[PDB]
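Below: one structure, written as structure tokens.
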Amino acid sequence: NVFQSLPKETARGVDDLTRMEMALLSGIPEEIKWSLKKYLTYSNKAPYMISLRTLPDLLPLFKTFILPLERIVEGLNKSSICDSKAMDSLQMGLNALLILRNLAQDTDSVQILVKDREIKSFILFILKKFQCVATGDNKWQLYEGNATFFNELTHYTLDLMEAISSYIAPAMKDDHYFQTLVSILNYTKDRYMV
Amino acid sequence: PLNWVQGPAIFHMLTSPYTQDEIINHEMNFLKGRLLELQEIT
Amino acid sequence: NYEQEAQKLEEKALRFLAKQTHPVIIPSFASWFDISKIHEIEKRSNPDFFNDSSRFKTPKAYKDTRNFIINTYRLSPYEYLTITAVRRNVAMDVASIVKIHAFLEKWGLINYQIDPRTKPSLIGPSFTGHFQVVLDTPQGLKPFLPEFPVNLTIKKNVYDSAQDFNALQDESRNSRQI
Amino acid sequence: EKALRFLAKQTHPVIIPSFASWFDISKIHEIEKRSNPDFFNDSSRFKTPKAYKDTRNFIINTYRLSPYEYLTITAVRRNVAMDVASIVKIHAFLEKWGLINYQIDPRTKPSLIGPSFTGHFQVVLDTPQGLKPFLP
Amino acid sequence: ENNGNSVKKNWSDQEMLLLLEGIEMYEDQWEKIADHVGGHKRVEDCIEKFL
Amino acid sequence: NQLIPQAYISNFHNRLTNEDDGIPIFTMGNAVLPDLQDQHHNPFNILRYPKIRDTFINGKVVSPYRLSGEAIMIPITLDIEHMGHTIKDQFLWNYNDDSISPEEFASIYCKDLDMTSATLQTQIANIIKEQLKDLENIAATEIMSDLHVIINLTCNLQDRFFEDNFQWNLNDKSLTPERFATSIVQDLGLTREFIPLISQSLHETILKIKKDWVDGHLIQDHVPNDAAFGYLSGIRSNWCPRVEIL
Amino acid sequence: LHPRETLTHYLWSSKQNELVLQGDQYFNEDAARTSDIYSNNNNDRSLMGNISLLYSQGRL
Amino acid sequence: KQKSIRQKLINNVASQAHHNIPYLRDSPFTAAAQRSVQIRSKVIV
Amino acid sequence: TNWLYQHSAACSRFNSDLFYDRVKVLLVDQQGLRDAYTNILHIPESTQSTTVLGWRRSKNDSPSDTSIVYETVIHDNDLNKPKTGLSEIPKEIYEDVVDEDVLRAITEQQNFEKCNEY
């Protein structure tokens, strides 16, 4: 008689949003792989659900994948990725990049990304590393085996820069974003990038 | 504040290609297949 | 004597085993936990025992009431464990015992609301294998021996598939060969 | 002068391991002086080294009266007039080096009441697409 | 015969023909095939036997 | 199918008010439980035990409730009579910790009692906010100079009164009184319910010897009574604990 | 410059590319019409374990 | 009849081919392509 | 005289009496207890195998087999040396021990305590 009044909304375990949230919170990389695959699916299909305005404690959960990627860009001048595990942390940083790229076109999750003063320093580091190649600098001679990892990486960086450029509309005189991008504009042959 | 709400219909297609032109015809039928079922609720 | 003391230890280890009759379901994210050792997720979530700030907050006394809550939940799995049933038996402050009980309920290690009759089953790891947890000899069931590294398998158990592993069926369906 | 007749009459023979060969039944030396130094460096008017001497001699000699029984902390507290914060310090120290609880019956060591140990239990996972077993 | 058979994945010709009768009978409903074998065989084993 | 759910049974308030289980919270083979006996993997065999189908028939379905450098331990007594039955227990309180409010604890406490009357939650916490504020600077003392007092201790648990006598030095903090509470129960063979109650009745005894040191400042470190074997050489202990069944 | 961390990279990646190119071999015409895919291939383990999942969704 | 089931078995376990097979979902070209199809559109102004 | 023997024999009799008080009620009379707050059979921890070592992986003998063999096993090192822990002593304490073989004897029992894993 006590096993007929079960609540139907919780008879399946926990819900999928917490199941993705506890997956990144755990150290399980396949659950991290699964939840990031679900987060990118939900970013492309329903950005109102995982907006930073709705979920405020979603921004550091992606920062711990993208902030350790700066070393991989620093080591990208040579054959660095010998294993399938440093490749895996590289893919998790690139996966968390596109979820923040897809959620930066919502206009309520963008200012919260603007007020973070750490993504813009990461953006500047990627642009400065791209300024080694866009000028052709022998400083950080990009390894030719690591160019494809860097091509799609700077494609989503420009999309983040395109969305937050109106919030740094008080541009400075020596604006490092303005200075690098006019050096980048003298280099590419992509119609989309121009 | 908790609200146990139903999630949105996410267009997850069985065969998974990589070029976009094999997705839009099934996605346009998905948009017809989802908004018409959503219009009658209003 | 030696095989007799090995058989005497094995009989009294069978006498105190707490044989399993209910399966235990944990969520897929909370598989980082082990009974013997303290995980680093617990050392960053309840650090007051590991900071050694007060004398009443040690990693030993954390680990004791950690395993006490789970062992009193795993032996009565279908019953929702409460805080007041735990607080009357353990000697800690009310603030820290709420911290660990909420931490174990947040990860779903205790009090996991689920009905397993509405979910399918899988065969993830390999079929074959002689899966043995390696226990230690309980000090008290050791022989007297007034004056020998004998390991003994307590419970052998075969499972024709994972479906009888999840239902804890030990091919006892030959009796109920329906 | 008092423990000489007591050690001769009703004491069972001494069982002592190899790692406690530094131990001196007569006096103190640097191991006990650095392990629990509250009995030596004037922690109170109470914890004199002579009170440390009488208690560490009473603790080891009662175990000579019952070597196959665990000489517990509460039983020696019946006839040791010391702080219980100081009785535990000596009794854990001599048990640490295997003096007073080395070769006993393993079942007369007192253990706390409590629930059973669930480590050999069979656990299944709430995988988001099934109930696959937990087999590492 | 009406008695319960041996340990599974043996698939005697009574179990094989009663499986073969049901797919000619029903063409689906592997619950209705598994009891037609005798009910001591799982749904997950008859399809594993048929393929 | 044929699987029991992992939750939705909280038959605890009925065992709080079962009148055979020795619970002091409320007033108004041959084993009992198969925690050493297998059942050959048939769940109907657990219905033969009388305290288990008691939880299947009289059980309920619950919803799960969802939620500093030195701890100051203050034992808090809670004595509230409430519609015939009373509420009688004791618990320490980390006064330095404020992570849980006493109103949050009282809403937690009256849920496992299955009361949830919402005025017990006020009345429990108002007593807790009383007894924390009355003892806020009496358990934070800094006692030196080797007081070395003797302590008589009594513990009341369902006419099974425990009593001991021992010399306690409340100058060295090496011996935790909870650890001292555990060493008695391990050696005497008592149940786990005496682990909190001896420690909770000793911290109150400690803050009473702390009290006379800070309120009236009576030192009175004059011959803690012994039996001429240890500290004070009279001729060259006090007592031993016991659980008296009155 | 570095003979170490491009040959360890080579011995891993050429092993990885040997895995990826050898991921498509059990899907030929007469490789599936025979029964050396389903029978006794628990060393394979890849298919005939999904029948506990594909039937649970009605895929047959 | 078993041909139709084996048609429905092979074309259900192999039509994905990159969500369960680990060395294929940990390849560079597949993980980039599964990322590339999930790129949401850029909004103009 | 007859003070030091009479107190210590009373201590050994009380240690014998307290052992006879704790061994009967827990293990011999009803073989356990029962908690009042939760329906859990209480038990002494001395007969419970408190720790657990790693797993041991194997295979079943026949190829193309589906049988899962989950089991358990006890383990100890020689079952005769007790666990008087010298590993809970820092390495600086026993360095003014008067001998050198005792420093070996402390560390060997420490290494005996450190091979709890198999």
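Identifiers in this document derive from the order of the structure tokens: chains are assigned A, B, ..., residues are numbered from 1 separately in each chain, and ligands are numbered from 1 in order of occurrence.
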- Query: as number ranges by chain, which residues of chain B does DSSP assign to helix (DSSP H, G or I)?
  - Reply: B: 20-22, 24-39
Considering only C-alpha atoms, give me a table of residues in chain A that are at most 8 Å from chain H, with the closest atom pair and distance in Å for each, as JSON lines.
```
{"residue": "A:40", "atom": "CA", "partner": "H:38", "partner_atom": "CA", "distance": 6.8}
{"residue": "A:41", "atom": "CA", "partner": "H:38", "partner_atom": "CA", "distance": 6.8}
{"residue": "A:43", "atom": "CA", "partner": "H:40", "partner_atom": "CA", "distance": 7.8}
{"residue": "A:44", "atom": "CA", "partner": "H:40", "partner_atom": "CA", "distance": 5.2}
{"residue": "A:84", "atom": "CA", "partner": "H:26", "partner_atom": "CA", "distance": 7.8}
{"residue": "A:88", "atom": "CA", "partner": "H:26", "partner_atom": "CA", "distance": 7.6}
{"residue": "A:91", "atom": "CA", "partner": "H:31", "partner_atom": "CA", "distance": 7.7}
{"residue": "A:95", "atom": "CA", "partner": "H:35", "partner_atom": "CA", "distance": 7.0}
{"residue": "A:98", "atom": "CA", "partner": "H:39", "partner_atom": "CA", "distance": 7.1}
{"residue": "A:102", "atom": "CA", "partner": "H:40", "partner_atom": "CA", "distance": 5.4}
{"residue": "A:105", "atom": "CA", "partner": "H:43", "partner_atom": "CA", "distance": 6.4}
{"residue": "A:159", "atom": "CA", "partner": "H:42", "partner_atom": "CA", "distance": 7.7}
```
Kindly export the residues of the current selection with N, CA and C atoms, as a tab-separated table (two decimals), in the first residue's frame.
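Output below, filename out00.tsv:
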```tsv
chain	number	residue	atom	x	y	z
A	40	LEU	N	26.32	21.35	-25.58
A	40	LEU	CA	26.44	21.94	-26.91
A	40	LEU	C	25.20	21.66	-27.75
A	41	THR	N	24.55	20.52	-27.51
A	41	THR	CA	23.26	20.25	-28.14
A	41	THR	C	22.20	21.23	-27.65
A	43	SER	N	22.84	24.15	-26.37
A	43	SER	CA	23.22	25.51	-26.77
A	43	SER	C	22.75	25.83	-28.18
A	44	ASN	N	22.79	24.85	-29.08
A	44	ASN	CA	22.41	25.10	-30.46
A	44	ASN	C	20.89	25.07	-30.63
A	84	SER	N	46.74	10.67	-26.22
A	84	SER	CA	45.32	10.85	-26.46
A	84	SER	C	44.62	11.52	-25.29
A	88	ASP	N	42.61	15.06	-25.22
A	88	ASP	CA	41.26	15.04	-24.67
A	88	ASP	C	40.95	16.31	-23.89
A	91	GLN	N	40.28	18.92	-26.49
A	91	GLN	CA	38.93	18.84	-27.06
A	91	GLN	C	37.88	19.36	-26.10
A	95	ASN	N	35.41	22.26	-26.86
A	95	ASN	CA	33.98	22.02	-26.75
A	95	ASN	C	33.32	23.08	-25.88
A	98	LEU	N	32.73	26.52	-27.77
A	98	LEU	CA	31.62	26.73	-28.70
A	98	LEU	C	30.30	26.91	-27.96
A	102	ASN	N	28.09	29.84	-28.68
A	102	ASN	CA	26.69	29.77	-29.08
A	102	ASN	C	25.80	30.55	-28.13
A	105	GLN	N	25.16	34.92	-28.26
A	105	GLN	CA	24.27	35.57	-29.21
A	105	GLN	C	22.86	35.61	-28.63
A	159	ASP	N	34.15	35.15	-33.18
A	159	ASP	CA	32.72	35.24	-32.95
A	159	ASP	C	32.40	35.77	-31.56
```
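Shell of residue 11 in chain H at 12 Å, with only C-alpha atoms counted and residues fewer than 5 places along the chain excluded, is residues 14 and 15 of chain B; 27, 32, 47, 54, 59 and 60 of chain G; 3, 4, 5, 6, 16 and 17 of chain H.
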- Near residue 8 in chain I, within 9 Å and counting only C-alpha atoms, which residues show up once chain neighbours fewer than 4 positions away are dropped, as a PyMOL selection string? (chain D and resi 58-59+61-62+65+76+79) or (chain I and resi 3-4+12-13)
Using only C-alpha atoms, determine which residues of chain C fall within 12 Å of chain A; present them as a PDB file with N, CA and C atoms, in the first residue's frame.
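Result file result_6.pdb:
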```
ATOM      1  N   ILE C  25      21.653   1.253  -5.876  1.00  0.00           N
ATOM      2  CA  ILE C  25      21.727   2.099  -7.062  1.00  0.00           C
ATOM      3  C   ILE C  25      22.348   3.429  -6.667  1.00  0.00           C
ATOM      4  N   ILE C  26      23.450   3.775  -7.321  1.00  0.00           N
ATOM      5  CA  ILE C  26      24.038   5.103  -7.197  1.00  0.00           C
ATOM      6  C   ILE C  26      23.933   5.767  -8.565  1.00  0.00           C
ATOM      7  N   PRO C  27      23.858   7.094  -8.641  1.00  0.00           N
ATOM      8  CA  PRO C  27      23.873   7.752  -9.949  1.00  0.00           C
ATOM      9  C   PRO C  27      25.237   7.655 -10.611  1.00  0.00           C
ATOM     10  N   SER C  28      25.229   7.872 -11.928  1.00  0.00           N
ATOM     11  CA  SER C  28      26.416   7.627 -12.738  1.00  0.00           C
ATOM     12  C   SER C  28      27.514   8.648 -12.478  1.00  0.00           C
ATOM     13  N   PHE C  29      27.163   9.842 -11.997  1.00  0.00           N
ATOM     14  CA  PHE C  29      28.200  10.819 -11.694  1.00  0.00           C
ATOM     15  C   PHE C  29      28.922  10.519 -10.388  1.00  0.00           C
ATOM     16  N   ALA C  30      28.242   9.922  -9.414  1.00  0.00           N
ATOM     17  CA  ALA C  30      28.842   9.664  -8.107  1.00  0.00           C
ATOM     18  C   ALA C  30      29.439   8.265  -8.022  1.00  0.00           C
ATOM     19  N   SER C  31      30.282   7.928  -8.993  1.00  0.00           N
ATOM     20  CA  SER C  31      31.036   6.686  -8.980  1.00  0.00           C
ATOM     21  C   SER C  31      32.476   6.890  -8.535  1.00  0.00           C
ATOM     22  N   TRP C  32      32.835   8.112  -8.130  1.00  0.00           N
ATOM     23  CA  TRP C  32      34.184   8.405  -7.664  1.00  0.00           C
ATOM     24  C   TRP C  32      34.416   7.960  -6.226  1.00  0.00           C
ATOM     25  N   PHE C  33      33.374   7.506  -5.538  1.00  0.00           N
ATOM     26  CA  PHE C  33      33.454   7.238  -4.111  1.00  0.00           C
ATOM     27  C   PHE C  33      33.921   5.813  -3.829  1.00  0.00           C
ATOM     28  N   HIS C  39      37.826  10.677  -0.781  1.00  0.00           N
ATOM     29  CA  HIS C  39      38.065  11.265  -2.088  1.00  0.00           C
ATOM     30  C   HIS C  39      38.303  12.770  -1.968  1.00  0.00           C
ATOM     31  N   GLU C  40      38.941  13.333  -2.999  1.00  0.00           N
ATOM     32  CA  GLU C  40      39.266  14.755  -3.002  1.00  0.00           C
ATOM     33  C   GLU C  40      38.046  15.637  -3.226  1.00  0.00           C
ATOM     34  N   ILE C  41      36.957  15.082  -3.767  1.00  0.00           N
ATOM     35  CA  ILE C  41      35.699  15.820  -3.830  1.00  0.00           C
ATOM     36  C   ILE C  41      35.172  16.070  -2.423  1.00  0.00           C
ATOM     37  N   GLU C  42      35.354  15.106  -1.523  1.00  0.00           N
ATOM     38  CA  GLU C  42      34.960  15.276  -0.134  1.00  0.00           C
ATOM     39  C   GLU C  42      35.902  16.183   0.642  1.00  0.00           C
ATOM     40  N   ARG C  44      37.377  18.857  -0.563  1.00  0.00           N
ATOM     41  CA  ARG C  44      37.095  20.229  -0.945  1.00  0.00           C
ATOM     42  C   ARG C  44      35.677  20.662  -0.604  1.00  0.00           C
ATOM     43  N   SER C  45      34.777  19.722  -0.314  1.00  0.00           N
ATOM     44  CA  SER C  45      33.406  20.065   0.040  1.00  0.00           C
ATOM     45  C   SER C  45      33.198  20.171   1.542  1.00  0.00           C
ATOM     46  N   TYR C  78      15.848   0.636   1.018  1.00  0.00           N
ATOM     47  CA  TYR C  78      14.537   1.132   0.615  1.00  0.00           C
ATOM     48  C   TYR C  78      13.965   2.161   1.581  1.00  0.00           C
ATOM     49  N   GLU C  79      14.587   2.362   2.738  1.00  0.00           N
ATOM     50  CA  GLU C  79      14.133   3.338   3.719  1.00  0.00           C
ATOM     51  C   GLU C  79      14.934   4.621   3.565  1.00  0.00           C
ATOM     52  N   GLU C 105      23.774  13.397   0.227  1.00  0.00           N
ATOM     53  CA  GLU C 105      22.484  13.395  -0.453  1.00  0.00           C
ATOM     54  C   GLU C 105      22.522  14.208  -1.742  1.00  0.00           C
ATOM     55  N   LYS C 106      23.418  15.199  -1.820  1.00  0.00           N
ATOM     56  CA  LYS C 106      23.594  15.967  -3.050  1.00  0.00           C
ATOM     57  C   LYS C 106      24.125  15.091  -4.175  1.00  0.00           C
ATOM     58  N   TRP C 107      25.120  14.263  -3.878  1.00  0.00           N
ATOM     59  CA  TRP C 107      25.652  13.337  -4.863  1.00  0.00           C
ATOM     60  C   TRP C 107      24.793  12.094  -5.027  1.00  0.00           C
ATOM     61  N   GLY C 108      23.756  11.924  -4.213  1.00  0.00           N
ATOM     62  CA  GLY C 108      22.895  10.768  -4.348  1.00  0.00           C
ATOM     63  C   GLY C 108      23.476   9.475  -3.833  1.00  0.00           C
ATOM     64  N   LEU C 109      24.555   9.536  -3.045  1.00  0.00           N
ATOM     65  CA  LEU C 109      25.086   8.331  -2.416  1.00  0.00           C
ATOM     66  C   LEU C 109      24.132   7.793  -1.360  1.00  0.00           C
ATOM     67  N   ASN C 111      19.904   8.446  -0.123  1.00  0.00           N
ATOM     68  CA  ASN C 111      18.588   9.027  -0.409  1.00  0.00           C
ATOM     69  C   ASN C 111      18.423   9.366  -1.893  1.00  0.00           C
ATOM     70  N   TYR C 112      18.589   8.349  -2.726  1.00  0.00           N
ATOM     71  CA  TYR C 112      18.467   8.499  -4.171  1.00  0.00           C
ATOM     72  C   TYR C 112      17.052   8.085  -4.556  1.00  0.00           C
ATOM     73  N   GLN C 113      16.216   9.075  -4.854  1.00  0.00           N
ATOM     74  CA  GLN C 113      14.825   8.836  -5.226  1.00  0.00           C
ATOM     75  C   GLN C 113      14.796   8.293  -6.646  1.00  0.00           C
ATOM     76  N   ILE C 114      14.528   6.995  -6.790  1.00  0.00           N
ATOM     77  CA  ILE C 114      14.452   6.360  -8.100  1.00  0.00           C
ATOM     78  C   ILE C 114      13.577   5.117  -7.979  1.00  0.00           C
ATOM     79  N   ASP C 115      12.841   4.820  -9.047  1.00  0.00           N
ATOM     80  CA  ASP C 115      12.143   3.545  -9.198  1.00  0.00           C
ATOM     81  C   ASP C 115      12.812   2.789 -10.337  1.00  0.00           C
ATOM     82  N   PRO C 116      13.525   1.696 -10.052  1.00  0.00           N
ATOM     83  CA  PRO C 116      14.278   0.995 -11.101  1.00  0.00           C
ATOM     84  C   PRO C 116      13.429   0.168 -12.053  1.00  0.00           C
ATOM     85  N   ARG C 117      12.120   0.061 -11.822  1.00  0.00           N
ATOM     86  CA  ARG C 117      11.244  -0.692 -12.709  1.00  0.00           C
ATOM     87  C   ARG C 117      10.942   0.037 -14.012  1.00  0.00           C
ATOM     88  N   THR C 118      11.369   1.291 -14.151  1.00  0.00           N
ATOM     89  CA  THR C 118      11.068   2.113 -15.315  1.00  0.00           C
ATOM     90  C   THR C 118      12.320   2.460 -16.120  1.00  0.00           C
ATOM     91  N   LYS C 119      13.390   1.678 -15.965  1.00  0.00           N
ATOM     92  CA  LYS C 119      14.649   1.938 -16.652  1.00  0.00           C
ATOM     93  C   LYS C 119      15.233   0.635 -17.183  1.00  0.00           C
ATOM     94  N   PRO C 120      15.861   0.659 -18.371  1.00  0.00           N
ATOM     95  CA  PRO C 120      16.430  -0.576 -18.931  1.00  0.00           C
ATOM     96  C   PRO C 120      17.759  -0.965 -18.299  1.00  0.00           C
TER      97      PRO C 120
END
```
- Taking only C-alpha atoms into account, which residues of chain A are within 8 Å of chain F, as a ChimeraX atom specification? /A:1-2,5-6
Could the residues in this selection be written to a file with N, CA and C atoms, as a PDB file, in the first residue's frame?
```pdb
ATOM      1  N   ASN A   1       0.823  -1.203   0.000  1.00  0.00           N
ATOM      2  CA  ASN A   1       0.000   0.000   0.000  1.00  0.00           C
ATOM      3  C   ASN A   1       0.859   1.256   0.000  1.00  0.00           C
ATOM      4  N   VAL A   2       2.115   1.144   0.440  1.00  0.00           N
ATOM      5  CA  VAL A   2       3.023   2.283   0.413  1.00  0.00           C
ATOM      6  C   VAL A   2       3.776   2.392  -0.906  1.00  0.00           C
ATOM      7  N   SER A   5       1.950   5.118  -4.008  1.00  0.00           N
ATOM      8  CA  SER A   5       1.936   6.574  -3.933  1.00  0.00           C
ATOM      9  C   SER A   5       3.320   7.148  -4.216  1.00  0.00           C
ATOM     10  N   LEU A   6       4.035   6.524  -5.145  1.00  0.00           N
ATOM     11  CA  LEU A   6       5.341   7.020  -5.544  1.00  0.00           C
ATOM     12  C   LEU A   6       5.184   8.269  -6.408  1.00  0.00           C
TER      13      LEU A   6
END
```
- Return as a ChimeraX atom specification the residues belonging to chain E that are within 12 Å of chain C, counting only C-alpha atoms. /E:2-9,35,38-45
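The interface of chain I with chain F at 6 Å, considering only C-alpha atoms, consists of residues 22, 36 and 41 of chain I.
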- Message: Near chain E, meaning an atom within 10 Å, which residues of chain G appear when counting only C-alpha atoms? Write them as an MDAnalysis selection string.
- Response: chainID G and resid 35 37:39 48:53 55:56 60
Dump of C-alpha atoms for the selected residues, as a PDB file, in the first residue's frame:
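Output below, filename out.pdb:
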```
ATOM      1  CA  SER G  35      27.088 -15.821 -39.499  1.00  0.00           C
ATOM      2  CA  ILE G  37      29.511 -11.704 -36.997  1.00  0.00           C
ATOM      3  CA  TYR G  38      26.878 -12.775 -34.485  1.00  0.00           C
ATOM      4  CA  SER G  39      27.985 -16.258 -33.412  1.00  0.00           C
ATOM      5  CA  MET G  48      24.960  -8.485 -30.104  1.00  0.00           C
ATOM      6  CA  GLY G  49      25.096  -6.439 -26.896  1.00  0.00           C
ATOM      7  CA  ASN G  50      22.869  -3.697 -28.271  1.00  0.00           C
ATOM      8  CA  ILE G  51      19.947  -6.142 -28.493  1.00  0.00           C
ATOM      9  CA  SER G  52      19.273  -5.359 -24.820  1.00  0.00           C
ATOM     10  CA  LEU G  53      19.032  -1.693 -25.884  1.00  0.00           C
ATOM     11  CA  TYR G  55      14.703  -3.927 -28.447  1.00  0.00           C
ATOM     12  CA  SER G  56      14.039  -1.684 -25.423  1.00  0.00           C
ATOM     13  CA  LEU G  60      14.149  -4.609 -33.569  1.00  0.00           C
TER      14      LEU G  60
END
```
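Every protein or nucleic acid residue with an atom no more than 10 Å from range 213-223 of chain F, counting only C-alpha atoms and leaving out same-chain residues fewer than 5 positions away, appears here: residues 137, 138, 141, 142, 143, 145, 146, 147, 148, 149, 150, 207, 208, 231 and 232 of chain F.
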Can I get the selected residues back with N, CA, C and O atoms, as a short mmCIF file (atom, residue, chain, number, x, y, z; two decimals), in the first residue's frame?
```
data_model
loop_
_atom_site.label_atom_id
_atom_site.label_comp_id
_atom_site.auth_asym_id
_atom_site.auth_seq_id
_atom_site.Cartn_x
_atom_site.Cartn_y
_atom_site.Cartn_z
N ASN F 137 29.88 33.29 25.88
CA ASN F 137 31.23 33.60 26.33
C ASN F 137 31.62 32.81 27.56
O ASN F 137 32.55 33.20 28.28
N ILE F 138 30.94 31.69 27.83
CA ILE F 138 31.28 30.84 28.95
C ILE F 138 31.93 29.53 28.51
O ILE F 138 32.54 28.84 29.35
N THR F 141 36.59 29.90 27.11
CA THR F 141 37.58 30.27 28.10
C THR F 141 38.97 29.82 27.66
O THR F 141 39.16 29.17 26.63
N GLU F 142 39.96 30.17 28.48
CA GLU F 142 41.38 29.99 28.17
C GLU F 142 42.12 29.46 29.40
O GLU F 142 43.19 29.95 29.79
N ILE F 143 41.57 28.40 30.01
CA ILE F 143 41.99 27.97 31.34
C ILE F 143 43.39 27.37 31.31
O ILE F 143 43.68 26.45 30.54
N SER F 145 47.05 26.78 34.21
CA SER F 145 47.50 26.63 35.59
C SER F 145 47.02 25.35 36.26
O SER F 145 47.01 25.27 37.49
N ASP F 146 46.62 24.35 35.46
CA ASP F 146 46.49 22.94 35.86
C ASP F 146 45.47 22.76 36.99
O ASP F 146 45.82 22.47 38.14
N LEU F 147 44.21 23.00 36.64
CA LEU F 147 43.13 22.96 37.62
C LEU F 147 42.93 21.55 38.18
O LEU F 147 42.71 21.38 39.38
N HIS F 148 43.01 20.54 37.30
CA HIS F 148 43.17 19.12 37.66
C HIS F 148 42.02 18.61 38.53
O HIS F 148 42.22 17.82 39.46
N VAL F 149 40.81 19.07 38.23
CA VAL F 149 39.67 18.83 39.10
C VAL F 149 39.22 17.38 39.00
O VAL F 149 39.45 16.70 38.00
N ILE F 150 38.60 16.90 40.05
CA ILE F 150 37.87 15.64 39.99
C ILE F 150 36.51 15.93 39.39
O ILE F 150 36.00 17.06 39.46
N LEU F 207 31.87 23.34 31.06
CA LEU F 207 31.52 24.75 31.14
C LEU F 207 30.95 25.16 32.49
O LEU F 207 30.66 26.34 32.68
N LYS F 208 30.75 24.21 33.41
CA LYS F 208 30.42 24.52 34.80
C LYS F 208 31.69 24.70 35.63
O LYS F 208 31.72 25.53 36.54
N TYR F 231 49.50 11.22 41.54
CA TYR F 231 49.95 12.61 41.62
C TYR F 231 50.39 12.98 43.03
O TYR F 231 51.56 13.31 43.26
N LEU F 232 49.47 12.94 43.99
CA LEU F 232 49.75 13.36 45.36
C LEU F 232 50.13 12.13 46.17
O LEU F 232 49.30 11.24 46.38
#
```
- Skip residue 15 in chain G itself and residues of its chain fewer than 5 positions away, then list as a ChimeraX atom specification all residues within 12 Å of it, counting only C-alpha atoms. /A:82-84 /G:7-10,20-22 /H:23,27
- Message: When you look at residue 63 in chain I with a cut-off of 9 Å (counting only C-alpha atoms), what residues show up, excluding the ones that are within fewer than 4 positions of it in the same chain? I need them as a PyMOL selection string.
- Response: (chain C and resi 128) or (chain G and resi 40+42-43) or (chain I and resi 59)
- Residue hits in chain F, query chain C, radius 8 Å, only C-alpha atoms, as number ranges by chain: F: 1-11, 34-43, 62, 64, 66-71, 73, 91-94, 97-100, 108-109, 112, 176, 178, 192-197, 199
Atoms to include: C-alpha atoms. Write the selected residues as a compact mmCIF listing (two decimals), in the first residue's frame.
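The resulting file, part.txt, is shown below:
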```txt
# COMPACT_ATOMS: atom_id res chain seq x y z
CA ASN F 1 10.23 -5.27 -12.84
CA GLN F 2 10.10 -7.00 -9.39
CA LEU F 3 12.48 -4.37 -7.96
CA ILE F 4 11.96 -2.26 -4.84
CA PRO F 5 12.52 1.50 -5.23
CA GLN F 6 15.54 3.06 -3.52
CA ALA F 7 13.50 5.58 -1.52
CA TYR F 8 9.98 6.65 -0.44
CA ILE F 9 9.87 4.91 2.97
CA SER F 10 10.30 6.95 6.17
CA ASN F 11 8.66 4.77 8.85
CA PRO F 34 18.58 -10.43 8.58
CA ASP F 35 21.80 -8.40 8.68
CA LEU F 36 23.69 -11.65 9.29
CA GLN F 37 21.38 -14.09 7.44
CA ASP F 38 20.94 -14.51 3.70
CA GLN F 39 17.50 -15.01 2.16
CA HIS F 40 18.41 -16.86 -1.10
CA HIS F 41 17.54 -13.75 -3.16
CA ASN F 42 13.77 -13.90 -2.64
CA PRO F 43 12.48 -10.60 -1.18
CA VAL F 62 8.49 10.98 2.05
CA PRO F 64 13.53 14.35 0.44
CA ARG F 66 16.65 19.78 0.33
CA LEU F 67 19.03 22.46 1.58
CA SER F 68 35.71 29.47 11.67
CA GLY F 69 39.08 28.63 13.18
CA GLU F 70 38.12 26.93 16.45
CA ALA F 71 34.80 25.27 17.23
CA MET F 73 31.02 23.27 21.58
CA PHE F 91 22.92 18.04 21.37
CA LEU F 92 26.09 20.06 21.22
CA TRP F 93 26.16 23.25 19.20
CA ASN F 94 29.13 24.66 17.33
CA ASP F 97 29.68 27.81 13.23
CA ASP F 98 26.64 29.54 11.78
CA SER F 99 26.24 27.54 8.56
CA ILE F 100 22.83 26.25 9.72
CA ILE F 108 14.78 19.75 9.98
CA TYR F 109 14.10 18.34 13.46
CA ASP F 112 11.79 13.58 11.16
CA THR F 176 38.66 14.94 23.58
CA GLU F 178 33.89 12.68 22.96
CA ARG F 192 25.95 3.73 20.31
CA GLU F 193 23.43 6.08 21.96
CA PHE F 194 25.84 6.67 24.87
CA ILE F 195 28.48 8.12 22.52
CA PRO F 196 26.66 11.51 22.29
CA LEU F 197 25.04 11.52 25.73
CA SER F 199 30.01 13.75 25.71
```
With the cut-off set at 8 Å and counting only C-alpha atoms, tabulate each residue of chain C with an atom at most that distance from an atom of chain G, showing the nearest atom pair and its distance in Å to one decimal, ordered by chain and increasing number, as a Markdown table.
```
| residue | atom | partner | partner_atom | distance |
| --- | --- | --- | --- | --- |
| C:120 | CA | G:56 | CA | 7.0 |
| C:121 | CA | G:52 | CA | 7.1 |
| C:122 | CA | G:52 | CA | 6.6 |
| C:123 | CA | G:49 | CA | 7.0 |
```
